[PDB]
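Below you will find one chain, with nothing else, as structure tokens; this is the form deposited in one PDB entry, and questions on how it binds or moves follow later.
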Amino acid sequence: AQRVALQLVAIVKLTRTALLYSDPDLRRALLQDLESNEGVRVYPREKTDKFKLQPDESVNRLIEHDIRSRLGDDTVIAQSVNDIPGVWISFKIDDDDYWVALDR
């Protein structure tokens, strides 16, 4: 529980941080780097993006509990967004909502 959640939290936080402090002119280039080089796909999150939860198997819900405690109670953790499989974790910068998608 704790260990997996800690790693996922670290990834989301470092990714959000990279975006937060990014040179606005290089922000699109940064998103390409994160995806290709770090395997981290960032997307804007639209209010109408649909999602499906990870199953209640193994320690998923405990992992999810620990992630929200560290990232924020309103964090969405999902196994798909708009029918696209992955490990999906939402985050925010100010008024802007985002997804991070990782490979399962």
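Numbering starts at 1 and follows the sequence shown. For clarity, a rigid core is taken as the largest C-alpha set superposing within 1.5 Å between two forms.
Enquirer: Mean C-alpha B factor from the entry: is it higher for 68-76 or for 34-42?
Expert: In the deposited entry, the stretch with the higher C-alpha B-factor mean is 68-76.
Enquirer: Comparing average C-alpha B factors as deposited, tell me which of 8-16 and 91-99 sits higher.
Expert: Of 91-99 and 8-16, the stretch with the higher C-alpha B-factor average is 91-99.
Enquirer: Taking the entry's C-alpha B-factors for this chain, is residue 29 in the lowest, middle or highest third?
Expert: According to the entry, residue 29 has a C-alpha B-factor in the chain's lowest third.
Just so it is clear, the following notes concern the form deposited in another entry, a form of the same protein that is not shown.
Enquirer: Would you tell me if residue 52 moves between the shown form and the other one by 2 Å or more at its C-alpha, with the rigid core held superposed?
Expert: Moves: no, less than 2 Å.
Enquirer: Is residue 69 among the residues whose Cα moves by 2 Å or more between the shown form and the other one after superposition of the rigid core?
Expert: No, residue 69 moves less than 2 Å.
Enquirer: Rigid core fitted, is the C-alpha displacement of residue 94 between the shown form and the other one 2 Å or more?
Expert: No, the C-alpha moves less than 2 Å.
Enquirer: A 3 angstroms or greater change in CA distance between residue 96 and residue 25 is reported in the other form. Closer or farther than in this form?
Expert: Relative to this form, farther apart in the other form.
Enquirer: Just to spell it out: taking the C-alpha atom of residue 37 and the C-alpha atom of residue 6, is that distance smaller or larger in the other form than in the structure shown here, given it changes by 3 Å or more?
Expert: Relative to this form, closer in the other form.
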